[PDB]
Amino acid sequence: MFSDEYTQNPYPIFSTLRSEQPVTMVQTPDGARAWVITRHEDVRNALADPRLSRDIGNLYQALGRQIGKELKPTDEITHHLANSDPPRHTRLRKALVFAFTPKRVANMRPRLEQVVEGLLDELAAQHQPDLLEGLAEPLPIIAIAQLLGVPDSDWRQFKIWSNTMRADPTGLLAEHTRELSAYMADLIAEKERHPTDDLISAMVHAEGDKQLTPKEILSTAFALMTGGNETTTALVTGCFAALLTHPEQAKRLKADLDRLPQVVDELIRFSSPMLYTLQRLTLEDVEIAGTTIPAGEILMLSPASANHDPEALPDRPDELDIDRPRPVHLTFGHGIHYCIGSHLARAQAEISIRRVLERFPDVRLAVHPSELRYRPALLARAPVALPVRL
Ligand code: HEM
Ligand SMILES: CCCCCCCC(=O)O
């Protein structure tokens with residue numbers, strides 16, 4: 001499956017799979033088997049299915065049995081909510097929801113607008129401006145730094161560490177995790193003494209069962225960094241890619257820019273910046289679309305395929321149409337693990353798109369759509385470059 005044609009445009013393959021092979025077993029780059037689930041109905045149900053596990057210990061045990069080696073238990077910093085099942089997940093999630101509120105995101109928007117305006121100042125000076133390099137790549141970790149409460153004095157080191165929290169180019173996951181942990185532990189202690197208007201402070205001073213331990217707050221911060229950096233980059237890039245490859249619709253959006261909050265969901269659905277969700281492990285035998293998948297197997301659920309499924313969106317699902325009724329989509333997941341950062345991701349996309357279209361009303365792609373490229377993806381997916389003419 002994982003061919004170059006799939007990498008660049010998976011939608012024809014997803015159409016074949018949804019029709020002919022809605023559960024298809026593949027081998028992943030690590031040598032383990034995975035089962036790719038492509039129909040919207042099955043992706044949604046699987047995300048709601050208590051028989052599927054996100055527990056990292058269970059997943060590594062299954063991976064180790066398939067590859068024949070026992071994998072060592074992972075560090076407790078990895079036991080955050082995205083790597084947990086209930087009841088552990090329920091407690092960690094409840095504390096995070098208490099602090100990471102829609103109101104907190106709304107309150108971050110003034111500074112986010114100011115950050116975007118500064119990034120566009122730098123973009124306006126480039127000889128060959130690129131919306132990925134100049135906007136979609138830098139914005140997410142700036143937003144996460146603001147959300148957490150990282151001081152500007154520590155900015156450059158935080159950015160360096162965050163480039164590992166996705167081992168990425170260096171493989172320094174252990175070293176950077178240790179260093180970032182020591183830094184974030186000191187920041188958590190600083191917010192205990194000197195609380196400020198940020199998420200770490202809100203979690204440190206939470207009451208009752210909403211209060212996690214300092215180590216759990218540290219692990220939560222790691223989940224937010226890994227969960228919201230490359231994903232948001234892909235979402236912002238994908239939304240711009242959708243507009244820029246459909247200039248007639250970009251023109252209409254520019255002419256009626258107040259519609260933007262009611263159009264972003266279609267940009268997200270169409271661009272589908274989440275190719276797969278996090279892996280799921282079967283805790284017991286499960287039947288999906290006529291196929292029995294035994295206990296102990298790994299599922300790969302595709303929001304991108306679900307978002308383009310005509311069973312869920314009968315009218316031209318493989319086309320972008322900003323005028324269609326606001327669609328529901330699976331890009332943020334579904335069920336108990338539904339993206340905690342969805343309002344913050346939306347805000348970054350809305351602010352970025354609005355300010356680009358306002359400041360650069362003639363913005364257009366500098367290449368033909370056929371020249372865009374993607375790299376192989378196991379989670380988030382978007383073009384590797386978005387060169388524009390301003
Ligand atoms: C600053 C922005 C973001 C932050 C802080 C963030 C953080 C998180 C966290 C902590 C979780 C785990 C929730 C849980 O397990 O209960 C999560 C789930 C998820 N996030 Fe986000 N996220 C952000 C943006 C995004 C974006 C832009 C996308 C899509 C392109 C995305 C897609 C998802 C999905 C699909 C899930 C569910 C995963 C699954 O069920 O397998 N997130 N997010
Ligand atoms: C494998 C652990 C991932 C930590 C948070 C990721 C959330 C997401 O799927 O974007």
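Values reported hereafter were calculated over all heavy atoms of this structure, with side chains retained and with hydrogens, waters and symmetry mates removed. Heads up: numbering here begins at 1 and tracks the sequence. Just follow the structure's listing: the first ligand is 1, and inside any ligand the first atom is 1.
The heavy-atom pair separating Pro383 from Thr237 by the smallest distance is O-CG2, 3.8 Å. The heavy-atom pair separating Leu52 from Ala46 by the smallest distance is CD1-O, 3.5 Å.
Atom 7 (C) of ligand 2 has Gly227 CA, 3.8 Å as its closest protein atom, hydrogens excluded (heavy atom only). Closest protein heavy atom to atom 4 (C) of ligand 2: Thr226 OG1, 3.3 Å.
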Identify all pairs of nitrogen or oxygen atoms, one from ligand 1 and one from the protein, separated by less than 3.5 Å, and list them with distances.
| from | atom 1 | to | atom 2 | distance (Å) |
| --- | --- | --- | --- | --- |
| ligand 1 | 15 (O) | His337 | ND1 | 2.7 |
| ligand 1 | 16 (O) | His89 | NE2 | 2.8 |
| ligand 1 | 16 (O) | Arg93 | NH1 | 2.8 |
| ligand 1 | 22 (N) | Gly227 | O | 3.2 |
| ligand 1 | 40 (O) | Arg280 | NH2 | 2.8 |
| ligand 1 | 41 (O) | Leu278 | N | 2.9 |
| ligand 1 | 41 (O) | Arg280 | NH1 | 2.7 |

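Proximity to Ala82 (heavy-atom distance under 4.0 Å) selects the following atoms of ligand 2: 4 (C), 5 (C). Residue contact check: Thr231 has heavy atoms under 4.0 Å from atoms 10 (O) of ligand 2.
The aromatic rings of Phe270 and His246 sit perpendicular to each other, their planes meeting at more than 60°, with 30° as the lower class boundary.
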Salt bridge (charged side-chain N to carboxylate O under 4.0 Å, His left out) assessment of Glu311 paired with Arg18:
CA-CA 10 Å; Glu311 281 305 273; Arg18 291 190 307 261; over 6 Å; no

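Contact annotation: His80 has at least one heavy atom less than 4.0 Å from an atom of ligand 2.
A salt bridge does not link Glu350 to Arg354: none of the charged side-chain nitrogens sits closer than 4.0 Å to a carboxylate oxygen. Salt-bridge annotation for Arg252 and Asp323: present, with a side-chain N of the basic residue lying under 4.0 Å from a carboxylate O of the acidic one. A salt bridge between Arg178 and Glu175 is absent, with no side-chain N of the basic residue lying under 4.0 Å from a carboxylate O of the acidic one.
Applying the ring-ring contact (aromatic ring centres under 6.0 Å, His included) test between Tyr6 and each of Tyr374, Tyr11, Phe14 identifies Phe14 as the sole match.
With distances taken over non-hydrogen atoms, the option nearest atom 2 (C) of ligand 2 out of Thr232, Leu224, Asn83 is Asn83.
A donor atom on one side chain and an acceptor atom on the other are not found under 3.5 Å apart for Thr292 and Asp285.
Of all the heavy atoms of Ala223, the ones lying under 4.0 Å from any atom of ligand 2 belong exclusively to the backbone.
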